[PDB]
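Enquirer: I am sharing start_35.cif, which consists of mmCIF, C-alpha atoms and all ligand atoms:
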```
data_work
#
loop_
_atom_site.label_atom_id
_atom_site.label_comp_id
_atom_site.auth_asym_id
_atom_site.auth_seq_id
_atom_site.Cartn_x
_atom_site.Cartn_y
_atom_site.Cartn_z
CA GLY A 58 138.46 -183.92 -13.88
CA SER A 59 140.69 -185.51 -16.52
CA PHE A 60 144.05 -184.67 -14.93
CA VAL A 61 143.93 -186.53 -11.62
CA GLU A 62 147.70 -186.97 -11.47
CA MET A 63 148.15 -183.20 -11.16
CA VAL A 64 145.14 -182.40 -8.98
CA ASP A 65 146.20 -181.34 -5.47
CA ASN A 66 149.88 -181.01 -6.42
CA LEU A 67 150.32 -177.60 -4.76
CA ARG A 68 151.17 -176.61 -1.20
CA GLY A 69 151.49 -173.28 0.55
CA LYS A 70 149.43 -170.17 1.22
CA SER A 71 148.98 -166.66 -0.20
CA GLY A 72 151.35 -165.03 2.27
CA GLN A 73 154.34 -167.25 1.52
CA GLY A 74 153.46 -168.48 -1.96
CA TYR A 75 152.25 -171.69 -3.61
CA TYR A 76 154.78 -174.31 -4.65
CA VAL A 77 155.00 -177.49 -6.70
CA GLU A 78 157.51 -180.32 -6.29
CA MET A 79 160.11 -180.63 -9.06
CA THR A 80 163.27 -182.64 -9.64
CA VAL A 81 166.48 -181.36 -11.19
CA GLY A 82 169.53 -183.31 -12.29
CA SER A 83 170.58 -186.94 -12.65
CA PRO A 84 170.04 -188.64 -10.32
CA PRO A 85 167.01 -186.47 -9.55
CA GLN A 86 167.30 -183.85 -6.80
CA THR A 87 163.92 -183.02 -5.24
CA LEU A 88 163.07 -179.34 -4.66
CA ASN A 89 159.93 -177.35 -3.85
CA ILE A 90 159.40 -174.59 -6.37
CA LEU A 91 157.38 -171.36 -6.08
CA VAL A 92 154.80 -171.11 -8.88
CA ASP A 93 155.22 -167.58 -10.28
CA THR A 94 153.15 -166.41 -13.24
CA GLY A 95 154.69 -162.96 -12.69
CA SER A 96 158.27 -163.70 -13.83
CA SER A 97 160.01 -165.86 -16.45
CA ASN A 98 163.10 -167.45 -14.86
CA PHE A 99 163.45 -170.95 -13.46
CA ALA A 100 165.91 -170.56 -10.56
CA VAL A 101 166.86 -172.68 -7.59
CA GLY A 102 168.92 -172.23 -4.44
CA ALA A 103 172.34 -173.70 -5.22
CA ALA A 104 174.33 -172.73 -2.14
CA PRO A 105 173.73 -172.75 1.64
CA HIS A 106 171.20 -170.21 2.93
CA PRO A 107 169.76 -169.81 6.48
CA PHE A 108 166.22 -170.35 5.16
CA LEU A 109 167.08 -173.38 3.01
CA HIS A 110 167.35 -176.95 4.31
CA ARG A 111 168.18 -178.19 0.82
CA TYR A 112 169.58 -176.88 -2.46
CA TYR A 113 170.62 -177.84 -5.99
CA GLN A 114 174.06 -179.46 -6.06
CA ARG A 115 175.42 -179.17 -9.57
CA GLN A 116 178.47 -181.31 -8.91
CA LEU A 117 176.17 -184.24 -8.14
CA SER A 118 174.31 -184.09 -11.47
CA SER A 119 175.75 -186.03 -14.42
CA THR A 120 173.45 -184.10 -16.74
CA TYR A 121 174.45 -180.65 -15.52
CA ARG A 122 175.67 -178.28 -18.27
CA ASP A 123 177.39 -175.01 -17.34
CA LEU A 124 176.48 -172.02 -19.53
CA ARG A 125 179.45 -170.01 -18.17
CA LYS A 126 177.21 -166.99 -17.69
CA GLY A 127 176.03 -164.99 -14.69
CA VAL A 128 172.42 -163.97 -14.16
CA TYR A 129 170.73 -161.27 -12.10
CA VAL A 130 167.04 -160.94 -11.35
CA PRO A 131 165.63 -157.96 -9.47
CA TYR A 132 162.06 -158.63 -8.35
CA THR A 133 159.74 -156.06 -6.83
CA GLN A 134 160.29 -157.70 -3.40
CA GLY A 135 163.82 -159.03 -3.44
CA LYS A 136 166.59 -160.25 -5.68
CA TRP A 137 169.05 -163.01 -6.47
CA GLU A 138 172.26 -163.54 -8.40
CA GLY A 139 173.21 -166.84 -9.95
CA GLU A 140 175.00 -168.97 -12.50
CA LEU A 141 173.29 -170.17 -15.70
CA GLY A 142 173.22 -173.77 -16.86
CA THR A 143 170.83 -176.46 -18.08
CA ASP A 144 169.90 -179.81 -16.68
CA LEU A 145 167.09 -182.39 -16.81
CA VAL A 146 163.89 -181.32 -15.06
CA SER A 147 160.73 -183.23 -14.12
CA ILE A 148 157.51 -182.58 -12.17
CA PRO A 149 156.65 -185.71 -10.11
CA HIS A 150 152.98 -184.77 -9.91
CA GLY A 151 152.68 -183.48 -13.43
CA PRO A 152 153.05 -184.64 -17.03
CA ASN A 153 155.19 -187.77 -17.20
CA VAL A 154 157.91 -186.07 -19.20
CA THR A 155 161.51 -184.99 -18.64
CA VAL A 156 162.86 -181.88 -20.28
CA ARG A 157 166.16 -180.08 -20.55
CA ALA A 158 165.70 -176.59 -19.24
CA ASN A 159 167.61 -173.47 -18.37
CA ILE A 160 168.34 -173.27 -14.64
CA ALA A 161 169.71 -170.30 -12.74
CA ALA A 162 171.71 -171.66 -9.80
CA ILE A 163 171.22 -169.08 -7.05
CA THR A 164 174.48 -168.28 -5.25
CA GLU A 165 173.51 -164.96 -3.60
CA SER A 166 170.16 -163.51 -2.59
CA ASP A 167 168.61 -160.60 -0.70
CA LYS A 168 165.06 -160.71 0.68
CA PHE A 169 164.15 -163.49 -1.77
CA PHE A 170 163.89 -166.71 0.23
CA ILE A 171 161.18 -166.77 2.91
CA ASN A 172 161.79 -168.33 6.32
CA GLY A 173 159.47 -171.33 6.64
CA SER A 174 157.89 -171.16 3.15
CA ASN A 175 159.27 -174.64 2.49
CA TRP A 176 160.27 -173.68 -1.11
CA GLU A 177 163.82 -173.54 -2.49
CA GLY A 178 163.32 -172.13 -5.96
CA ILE A 179 161.04 -170.28 -8.33
CA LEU A 180 159.30 -171.27 -11.56
CA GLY A 181 158.71 -168.20 -13.73
CA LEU A 182 155.80 -169.10 -15.99
CA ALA A 183 155.54 -165.86 -17.97
CA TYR A 184 157.06 -165.09 -21.37
CA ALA A 185 160.63 -164.84 -22.60
CA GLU A 186 160.28 -161.10 -23.17
CA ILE A 187 160.80 -160.52 -19.44
CA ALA A 188 163.36 -163.27 -18.86
CA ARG A 189 166.81 -162.27 -17.53
CA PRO A 190 169.47 -161.72 -18.86
CA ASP A 191 167.31 -161.30 -21.96
CA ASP A 192 164.67 -162.96 -24.14
CA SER A 193 167.13 -165.54 -25.47
CA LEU A 194 167.01 -167.51 -22.21
CA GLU A 195 164.12 -169.83 -23.01
CA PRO A 196 161.60 -170.06 -20.11
CA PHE A 197 160.82 -173.47 -18.63
CA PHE A 198 157.32 -173.77 -20.02
CA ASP A 199 158.53 -172.93 -23.54
CA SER A 200 161.08 -175.73 -23.27
CA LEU A 201 158.41 -178.09 -21.97
CA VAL A 202 156.17 -177.44 -24.96
CA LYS A 203 158.90 -177.46 -27.57
CA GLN A 204 160.32 -180.75 -26.26
CA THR A 205 157.14 -182.74 -25.55
CA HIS A 206 153.55 -183.11 -26.74
CA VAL A 207 152.17 -181.20 -23.74
CA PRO A 208 149.50 -178.66 -24.87
CA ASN A 209 150.68 -175.03 -24.65
CA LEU A 210 148.38 -174.33 -21.69
CA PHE A 211 148.37 -174.58 -17.90
CA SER A 212 145.78 -173.88 -15.24
CA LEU A 213 145.93 -172.85 -11.58
CA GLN A 214 143.63 -173.53 -8.67
CA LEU A 215 145.13 -171.73 -5.63
CA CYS A 216 143.27 -172.75 -2.45
CA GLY A 217 143.27 -170.41 0.53
CA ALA A 218 142.14 -172.22 3.67
CA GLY A 219 140.06 -169.30 4.96
CA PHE A 220 141.89 -169.60 8.26
CA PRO A 221 145.46 -169.57 9.65
CA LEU A 222 147.60 -172.63 8.89
CA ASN A 223 150.43 -173.12 11.38
CA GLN A 224 153.83 -174.54 10.45
CA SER A 225 152.79 -178.19 10.61
CA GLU A 226 149.36 -177.72 9.10
CA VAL A 227 150.65 -175.90 6.05
CA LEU A 228 153.02 -178.81 5.39
CA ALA A 229 150.24 -181.39 5.38
CA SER A 230 147.52 -179.32 3.71
CA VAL A 231 146.63 -179.39 0.02
CA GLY A 232 147.14 -175.86 -1.27
CA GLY A 233 145.75 -176.30 -4.75
CA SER A 234 146.38 -177.62 -8.23
CA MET A 235 148.63 -176.77 -11.14
CA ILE A 236 147.36 -178.62 -14.20
CA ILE A 237 150.06 -178.71 -16.86
CA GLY A 238 148.71 -178.94 -20.41
CA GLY A 239 145.01 -178.90 -19.63
CA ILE A 240 141.83 -177.84 -17.86
CA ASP A 241 140.41 -180.07 -15.12
CA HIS A 242 136.66 -179.59 -14.75
CA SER A 243 136.44 -180.77 -11.13
CA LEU A 244 138.28 -177.62 -10.05
CA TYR A 245 135.60 -175.09 -10.90
CA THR A 246 131.86 -174.57 -11.01
CA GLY A 247 129.91 -172.76 -13.69
CA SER A 248 131.35 -171.34 -16.89
CA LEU A 249 134.84 -170.31 -17.92
CA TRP A 250 135.12 -166.75 -19.22
CA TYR A 251 138.10 -165.61 -21.28
CA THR A 252 139.90 -162.30 -21.42
CA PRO A 253 142.59 -161.58 -24.07
CA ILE A 254 146.28 -161.72 -23.13
CA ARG A 255 147.03 -158.19 -24.36
CA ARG A 256 150.73 -158.79 -24.95
CA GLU A 257 152.90 -161.85 -24.35
CA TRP A 258 155.41 -160.67 -21.70
CA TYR A 259 153.65 -160.70 -18.34
CA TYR A 260 150.21 -162.28 -18.46
CA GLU A 261 148.81 -158.85 -19.23
CA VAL A 262 145.07 -158.19 -19.23
CA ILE A 263 142.77 -155.17 -19.45
CA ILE A 264 140.29 -154.16 -16.73
CA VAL A 265 137.43 -152.11 -18.19
CA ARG A 266 135.24 -151.41 -15.13
CA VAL A 267 135.52 -151.66 -11.35
CA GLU A 268 132.62 -151.94 -8.83
CA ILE A 269 132.53 -151.95 -5.02
CA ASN A 270 129.16 -153.53 -4.08
CA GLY A 271 127.83 -152.77 -7.52
CA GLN A 272 128.83 -149.12 -7.28
CA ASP A 273 130.98 -147.99 -10.20
CA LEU A 274 134.36 -146.74 -8.97
CA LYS A 275 133.84 -144.45 -11.98
CA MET A 276 137.46 -143.80 -13.00
CA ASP A 277 138.78 -143.38 -16.56
CA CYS A 278 139.36 -147.08 -17.23
CA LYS A 279 142.86 -146.31 -18.40
CA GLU A 280 143.65 -145.67 -14.71
CA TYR A 281 142.87 -149.31 -13.87
CA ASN A 282 145.63 -150.47 -16.22
CA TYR A 283 148.30 -147.85 -15.48
CA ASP A 284 150.88 -148.82 -16.53
CA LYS A 285 149.66 -152.40 -16.94
CA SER A 286 147.46 -155.05 -15.30
CA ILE A 287 148.85 -158.55 -14.76
CA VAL A 288 147.83 -161.93 -13.28
CA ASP A 289 150.56 -162.84 -10.78
CA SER A 290 150.62 -165.89 -8.50
CA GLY A 291 153.98 -164.68 -7.20
CA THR A 292 152.44 -161.75 -5.32
CA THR A 293 150.13 -162.08 -2.30
CA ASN A 294 147.97 -158.98 -2.65
CA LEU A 295 145.68 -157.36 -5.12
CA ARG A 296 147.95 -154.40 -5.85
CA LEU A 297 146.36 -151.31 -7.42
CA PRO A 298 147.77 -148.19 -9.19
CA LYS A 299 148.10 -145.39 -6.60
CA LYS A 300 145.00 -143.43 -7.73
CA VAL A 301 142.86 -146.55 -8.02
CA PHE A 302 144.03 -147.75 -4.61
CA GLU A 303 143.05 -144.45 -3.03
CA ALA A 304 139.61 -144.51 -4.66
CA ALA A 305 139.07 -148.19 -3.88
CA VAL A 306 139.97 -147.74 -0.21
CA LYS A 307 137.70 -144.74 0.08
CA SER A 308 134.81 -146.76 -1.33
CA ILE A 309 135.54 -149.88 0.72
CA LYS A 310 135.70 -147.71 3.85
CA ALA A 311 132.36 -146.14 2.99
CA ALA A 312 130.73 -149.53 2.43
CA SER A 313 132.10 -150.85 5.73
CA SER A 314 131.54 -147.63 7.71
CA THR A 315 129.45 -149.34 10.40
CA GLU A 316 132.86 -150.31 11.81
CA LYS A 317 135.96 -148.13 12.12
CA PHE A 318 139.37 -149.63 11.38
CA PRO A 319 142.76 -148.04 12.18
CA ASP A 320 144.82 -146.53 9.37
CA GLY A 321 147.37 -149.29 9.94
CA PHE A 322 144.76 -151.80 8.81
CA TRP A 323 144.09 -150.06 5.53
CA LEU A 324 147.85 -149.86 4.93
CA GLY A 325 147.95 -153.65 5.03
CA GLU A 326 150.33 -153.53 7.97
CA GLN A 327 148.23 -154.33 11.02
CA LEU A 328 145.80 -157.09 11.73
CA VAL A 329 142.21 -156.76 12.88
CA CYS A 330 140.67 -159.43 15.06
CA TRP A 331 137.20 -160.63 16.00
CA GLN A 332 136.03 -163.13 18.58
CA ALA A 333 136.07 -166.63 17.02
CA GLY A 334 133.42 -166.99 14.32
CA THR A 335 132.14 -163.42 14.57
CA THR A 336 133.95 -161.90 11.59
CA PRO A 337 131.42 -159.41 10.12
CA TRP A 338 131.85 -160.47 6.51
CA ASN A 339 128.57 -158.83 5.55
CA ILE A 340 129.68 -155.28 6.35
CA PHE A 341 132.48 -155.61 3.81
CA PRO A 342 131.73 -155.10 0.11
CA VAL A 343 132.22 -157.47 -2.79
CA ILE A 344 134.68 -156.22 -5.41
CA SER A 345 133.96 -156.69 -9.12
CA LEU A 346 136.61 -156.45 -11.81
CA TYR A 347 135.32 -156.26 -15.38
CA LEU A 348 137.68 -157.75 -17.94
CA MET A 349 137.74 -157.31 -21.73
CA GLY A 350 135.96 -160.27 -23.34
CA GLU A 351 136.92 -162.09 -26.53
CA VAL A 352 133.91 -160.65 -28.35
CA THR A 353 133.96 -157.07 -29.57
CA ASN A 354 132.29 -154.65 -27.13
CA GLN A 355 131.70 -157.46 -24.65
CA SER A 356 133.10 -157.85 -21.11
CA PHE A 357 132.58 -160.24 -18.19
CA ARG A 358 133.19 -159.76 -14.50
CA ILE A 359 134.92 -161.60 -11.69
CA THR A 360 133.59 -160.87 -8.21
CA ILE A 361 135.57 -161.40 -5.04
CA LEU A 362 134.45 -161.46 -1.44
CA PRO A 363 136.13 -160.08 1.64
CA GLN A 364 136.93 -163.76 2.33
CA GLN A 365 139.46 -163.27 -0.48
CA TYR A 366 140.77 -159.76 0.18
CA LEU A 367 141.04 -160.17 3.98
CA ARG A 368 143.96 -162.56 4.51
CA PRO A 369 143.81 -164.98 7.50
CA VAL A 370 146.70 -164.40 9.92
CA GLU A 371 147.55 -165.92 13.29
CA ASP A 372 146.94 -163.53 16.18
CA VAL A 373 150.19 -162.25 17.69
CA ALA A 374 148.72 -163.79 20.86
CA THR A 375 147.81 -167.07 19.15
CA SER A 376 144.40 -166.65 20.82
CA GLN A 377 141.13 -168.04 19.48
CA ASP A 378 140.21 -164.82 17.69
CA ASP A 379 139.88 -164.85 13.90
CA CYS A 380 142.34 -162.24 12.60
CA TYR A 381 143.13 -160.84 9.15
CA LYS A 382 145.23 -158.34 7.22
CA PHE A 383 143.82 -156.14 4.45
CA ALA A 384 145.27 -157.77 1.30
CA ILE A 385 144.81 -154.85 -1.09
CA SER A 386 147.76 -152.51 -1.48
CA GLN A 387 149.28 -149.71 -3.50
CA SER A 388 151.34 -150.30 -6.65
CA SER A 389 153.63 -148.05 -8.69
CA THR A 390 153.94 -150.70 -11.41
CA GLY A 391 150.33 -151.24 -12.40
CA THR A 392 147.64 -153.62 -11.25
CA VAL A 393 148.84 -156.94 -9.87
CA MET A 394 146.11 -159.58 -9.50
CA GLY A 395 147.86 -161.58 -6.81
CA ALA A 396 147.21 -164.83 -5.03
CA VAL A 397 144.39 -163.59 -2.81
CA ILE A 398 142.45 -162.77 -5.98
CA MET A 399 143.43 -166.00 -7.73
CA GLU A 400 142.20 -167.98 -4.70
CA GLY A 401 138.65 -167.20 -5.65
CA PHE A 402 138.98 -168.64 -9.14
CA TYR A 403 140.22 -171.45 -11.35
CA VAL A 404 142.56 -169.57 -13.70
CA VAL A 405 143.38 -170.88 -17.17
CA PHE A 406 146.55 -169.62 -18.85
CA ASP A 407 145.67 -170.50 -22.43
CA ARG A 408 148.95 -169.61 -24.12
CA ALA A 409 147.87 -171.38 -27.32
CA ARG A 410 144.88 -169.10 -27.76
CA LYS A 411 146.50 -166.08 -26.10
CA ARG A 412 143.77 -165.80 -23.49
CA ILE A 413 143.23 -166.17 -19.75
CA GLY A 414 140.15 -167.95 -18.48
CA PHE A 415 138.35 -167.43 -15.17
CA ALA A 416 135.78 -169.63 -13.43
CA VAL A 417 134.53 -169.79 -9.85
CA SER A 418 136.94 -171.94 -7.83
CA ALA A 419 135.64 -175.14 -6.29
CA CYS A 420 137.83 -174.23 -3.27
CA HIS A 421 137.09 -170.52 -2.81
CA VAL A 422 136.14 -169.44 0.71
CA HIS A 423 132.68 -167.91 1.15
CA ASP A 424 129.67 -167.73 3.50
CA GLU A 425 126.05 -168.86 3.34
CA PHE A 426 124.95 -165.55 1.84
CA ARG A 427 127.52 -164.65 -0.82
CA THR A 428 129.77 -166.47 -3.28
CA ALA A 429 132.57 -165.40 -5.60
CA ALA A 430 131.31 -165.19 -9.19
CA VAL A 431 132.33 -165.03 -12.84
CA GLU A 432 129.52 -163.54 -14.89
CA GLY A 433 128.86 -162.32 -18.39
CA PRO A 434 128.37 -160.96 -20.92
CA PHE A 435 128.14 -157.18 -20.49
CA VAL A 436 127.93 -154.58 -23.24
CA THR A 437 131.11 -152.49 -22.96
CA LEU A 438 132.39 -149.94 -25.50
CA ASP A 439 135.90 -148.71 -26.38
CA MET A 440 137.67 -151.26 -24.20
CA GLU A 441 140.85 -150.98 -26.28
CA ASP A 442 141.15 -147.46 -24.88
CA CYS A 443 141.44 -148.87 -21.37
CA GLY A 444 144.87 -150.21 -22.23
CA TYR A 445 147.84 -148.02 -21.36
CA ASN A 446 150.43 -146.85 -23.89
CA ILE A 447 153.74 -145.34 -22.73
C1 LIG B 1 156.93 -160.57 0.86
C2 LIG B 1 157.53 -161.74 0.08
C3 LIG B 1 156.87 -161.90 -1.29
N1 LIG B 1 155.41 -161.86 -1.14
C4 LIG B 1 154.77 -162.83 -0.27
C5 LIG B 1 154.81 -164.25 -0.89
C6 LIG B 1 154.41 -164.28 -2.36
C7 LIG B 1 154.60 -160.96 -1.77
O1 LIG B 1 153.38 -160.98 -1.59
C8 LIG B 1 155.21 -159.97 -2.66
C9 LIG B 1 155.01 -158.58 -2.42
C10 LIG B 1 155.59 -157.61 -3.29
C11 LIG B 1 155.38 -156.18 -3.03
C12 LIG B 1 156.36 -158.03 -4.42
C13 LIG B 1 156.55 -159.43 -4.67
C14 LIG B 1 157.36 -159.86 -5.81
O2 LIG B 1 158.33 -159.23 -6.20
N2 LIG B 1 156.95 -161.01 -6.41
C15 LIG B 1 157.71 -161.53 -7.55
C16 LIG B 1 158.12 -162.98 -7.27
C17 LIG B 1 158.71 -163.14 -5.89
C18 LIG B 1 158.08 -163.98 -4.93
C19 LIG B 1 158.65 -164.13 -3.63
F1 LIG B 1 158.07 -164.91 -2.72
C20 LIG B 1 159.84 -163.44 -3.29
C21 LIG B 1 160.47 -162.59 -4.24
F2 LIG B 1 161.58 -161.95 -3.91
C22 LIG B 1 159.91 -162.44 -5.55
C23 LIG B 1 156.93 -161.48 -8.90
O3 LIG B 1 157.69 -162.13 -9.92
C24 LIG B 1 156.60 -160.06 -9.39
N3 LIG B 1 155.63 -160.17 -10.47
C25 LIG B 1 155.40 -159.00 -11.29
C26 LIG B 1 156.69 -158.52 -11.89
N4 LIG B 1 157.82 -158.58 -10.96
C27 LIG B 1 159.00 -157.83 -11.38
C28 LIG B 1 159.69 -158.51 -12.54
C29 LIG B 1 159.73 -157.87 -13.81
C30 LIG B 1 160.37 -158.51 -14.91
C31 LIG B 1 160.97 -159.79 -14.73
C32 LIG B 1 160.93 -160.43 -13.46
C33 LIG B 1 160.29 -159.79 -12.36
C34 LIG B 1 157.87 -159.27 -9.78
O4 LIG B 1 158.86 -159.28 -9.05
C35 LIG B 1 155.98 -160.39 -3.79
#
```
When written as structure tokens, how does the structure in this file appear?
Ligand SMILES: CCCN(CCC)C(=O)c1cc(C)cc(C(=O)N[C@@H](Cc2cc(F)cc(F)c2)[C@H](O)[C@@H]2NCCN(Cc3ccccc3)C2=O)c1

Expert:
Amino acid sequence: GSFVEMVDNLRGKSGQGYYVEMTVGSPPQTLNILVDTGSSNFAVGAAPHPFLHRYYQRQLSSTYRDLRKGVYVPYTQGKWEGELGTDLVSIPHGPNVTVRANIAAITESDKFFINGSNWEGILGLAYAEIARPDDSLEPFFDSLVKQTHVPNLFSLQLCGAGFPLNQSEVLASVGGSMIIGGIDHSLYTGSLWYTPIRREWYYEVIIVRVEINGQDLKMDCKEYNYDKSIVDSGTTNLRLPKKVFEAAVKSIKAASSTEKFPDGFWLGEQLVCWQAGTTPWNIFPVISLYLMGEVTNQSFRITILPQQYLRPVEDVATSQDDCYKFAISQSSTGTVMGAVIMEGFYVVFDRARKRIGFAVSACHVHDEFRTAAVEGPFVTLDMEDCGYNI
């Protein structure tokens, strides 16, 4: 690992998001910021909110610049309205650089901030094409690269604990690493495999094959990417296109049929619990996602375990049972490879080479019999046809 200053700079959990500490303004104002590869705006709470114990105070920053422009961002989950400006931004546990970046000062929000998440803002790491108001508002990472010598690349190691973290534990626990400008080898085992970034807007990728315990889900691969497939740290679940979700659930139910689970479980709404330590991991199937490789007619696969797609949750009775929620859900906006999927891997966002790399995470949760995996190569034909076109 050559980036020790950035290793272990993340806190949080899949259910409430992973955040990195940042400073805004002069003198610096410290804020915890949600790492979101699924959006492109840098925005921070800038007015009192019931879920915020701190916020950006523009009148206290000598370097604050008002853009005299409003901004609105509607996410899948919630939304916020704010005021645009720029100011000096740093990442304490990151590259030792200070950059002037666009900042949306959040003045109004609905279902955006999360009670107890400990974060007060969001760092949209995707491309300008999806930035609000429009693509002229330069994203933070673009500013970082244009203004410094930092390589146009970042990597994420999201670490799920494999068990419930209470309010105090999640504040003291290391949730992962965001390596800005590089790849730290201590964060993964084995080889890194790269899939093409199809288009620079979201971190869009193409899934060419899906397996549940080695069994081909056998759908037209275009279904897997309808209307797109993205890598998104800002979403908890693996979200799948309606038809793929239905087929995936049917297959996961069949593989786990030795035990019956209530419909509420499969809807990702109700928890299932087992006596401490008795979770029957082995009855649940591994899920393999084949991704287009960088070599013509070649793919590789990432394999996740139920330790990734079953999300640890505290029993409504706080008992000693090990409880979980099914972290795979239905999408109407394409595949979303959320945090529970990213927790199994070290993910490299190689903007410079327009590719996303995957390697087995040194912190993924597993058992003595199975491990997450990244394997290749596989002969795969007509992968370009798996991509969706409106
Ligand atoms: C329940 C609270 C949020 N959580 C738990 C903690 C992560 C989720 O798992 C979750 C679930 C859904 C169904 C949607 C989003 C969601 O909208 N995520 C977006 C970011 C986000 C994180 C939050 F913690 C709260 C929010 F309100 C929003 C992300 O950019 C997502 N990524 C894919 C594209 N879009 C839409 C979009 C399109 C263009 C530009 C910007 C955003 C998105 O919103 C997040």

Enquirer: Looking at only C-alpha atoms and all ligand atoms, which of A:287, A:419, A:154, A:90 is the one that sits closest to ligand LIG 1 (chain B)?

Expert: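 Residue with the minimum atom-to-atom distance to ligand LIG 1 (chain B): A:287.
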
Enquirer: Which polymer residues have any atom within 10 Å of an atom of residue 144 (chain A), counting only C-alpha atoms, with same-chain residues fewer than 5 positions away left out, as a list in words?

Expert: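 After dropping sequence-adjacent residues, the list is residues 81, 82, 83, 115, 118, 119, 120, 121, 122, 123, 156, 157, 158, 159 and 160 of chain A.
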
Enquirer: Select, from A:111, A:296, A:275, A:125, the residue with the minimum atom-to-atom distance to ligand LIG 1 (chain B), counting all atoms listed in the file.

Expert: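 Ranking A:111, A:296, A:275, A:125 by distance to ligand LIG 1 (chain B), first place goes to A:296.
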
Enquirer: What do you get as a ChimeraX atom specification if you pick all residues at most 7 Å from ligand LIG 1 (chain B), counting all atoms listed in the file?

Expert: /A:71-74,93,95-97,130-136,168-171,187-189,289,291-294

Enquirer: Taking only residues of region 125-226 of chain A that have an atom at most 7 Å from an atom of region 233-252 of chain A, what is each one's shortest atom pair and its distance in Å to one decimal, using all atoms listed in the file, in chain and number order, as a tab-separated table?

Expert:
```
residue	atom	partner	partner_atom	distance
A:151	CA	A:237	CA	6.4
A:152	CA	A:237	CA	6.6
A:207	CA	A:238	CA	5.3
A:208	CA	A:238	CA	4.5
A:209	CA	A:238	CA	6.1
A:210	CA	A:238	CA	4.8
A:211	CA	A:237	CA	4.6
A:212	CA	A:236	CA	5.1
A:213	CA	A:235	CA	4.8
A:214	CA	A:234	CA	4.9
A:215	CA	A:233	CA	4.7
A:216	CA	A:233	CA	4.9
```

Enquirer: With distances taken over all atoms listed in the file, which of A:106, A:279, A:68, A:299 is nearest to residue 441 (chain A)?

Expert: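 So, comparing all the options, the nearest one is A:279.
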
Enquirer: Just want the 10 Å neighbourhood of residue 89 (chain A), counted on all atoms listed in the file, with same-chain residues fewer than 4 positions away dropped. Output as a PyMOL selection string.

Expert: chain A and resi 67-68+75-80+101+111-112+174-180

Enquirer: When you count all atoms listed in the file, which of these residues is closest to residue 231 (chain A): A:351, A:432, A:65, A:326?

Expert: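 The closest residue to residue 231 (chain A) is A:65.
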
Enquirer: Just the number, please: distance in Å from CA of residue 137 (chain A) to CA of residue 107 (chain A), one decimal.

Expert: 14.6 Å

Enquirer: Hey, what's within 9 Å of residue 304 (chain A) if we count all atoms listed in the file and toss same-chain stuff fewer than 5 positions away? As a PyMOL selection string, please?

Expert: chain A and resi 274+276+299+309

Enquirer: I'd like to know which of A:196, A:253, A:298, A:342 is closest to residue 407 (chain A), using all atoms listed in the file.

Expert: A:253

Enquirer: Mind giving me the axis-aligned box for region 171-190 of chain A with 3 Å on every side, centre plus edges in Å to one decimal, as AutoDock Vina command-line options?

Expert:
```
--center_x 162.5 --center_y -167.6 --center_z -8.3 --size_x 19.9 --size_y 20.1 --size_z 35.8
```

Enquirer: My list of candidates is A:99, A:113, A:184, A:338. Which is closest to residue 379 (chain A) when distances are computed with only C-alpha atoms?

Expert: A:338

Enquirer: One number please: CA of residue 181 (chain A) to CA of residue 114 (chain A), in Å, one decimal.

Expert: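 Going from CA of residue 181 (chain A) over to CA of residue 114 (chain A) covers 20.5 Å.
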
Enquirer: Need the neighbours of (132.9, -153.4, -1.4): which residues are at most 7 Å away, counting only C-alpha atoms, as a list in words?

Expert: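 Answer for this query, in the requested form: residues 269, 270, 308, 309, 312, 341, 342, 343 and 344 of chain A.
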
Enquirer: Please provide the set of residues having any atom within 9 Å of residue 128 (chain A), restricted to all atoms listed in the file, with same-chain residues fewer than 3 positions apart removed, written as JSON, numbers by chain.

Expert: {"A": [137, 138, 139, 140, 141, 161, 162, 163, 189, 190]}

Enquirer: Limited to C-alpha atoms, could you put the picked residues into a file as a PDB file, keeping the file's coordinate frame?

Expert:
```pdb
ATOM      1  CA  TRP A 137     169.050-163.010  -6.470  1.00  0.00           C
ATOM      2  CA  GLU A 138     172.260-163.540  -8.400  1.00  0.00           C
ATOM      3  CA  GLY A 139     173.210-166.840  -9.950  1.00  0.00           C
ATOM      4  CA  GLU A 140     175.000-168.970 -12.500  1.00  0.00           C
ATOM      5  CA  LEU A 141     173.290-170.170 -15.700  1.00  0.00           C
ATOM      6  CA  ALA A 161     169.710-170.300 -12.740  1.00  0.00           C
ATOM      7  CA  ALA A 162     171.710-171.660  -9.800  1.00  0.00           C
ATOM      8  CA  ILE A 163     171.220-169.080  -7.050  1.00  0.00           C
ATOM      9  CA  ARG A 189     166.810-162.270 -17.530  1.00  0.00           C
ATOM     10  CA  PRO A 190     169.470-161.720 -18.860  1.00  0.00           C
TER      11      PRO A 190
END
```

Enquirer: To one decimal place in Å, what is the distance between CA of residue 203 (chain A) and CA of residue 85 (chain A)?

Expert: 21.7 Å
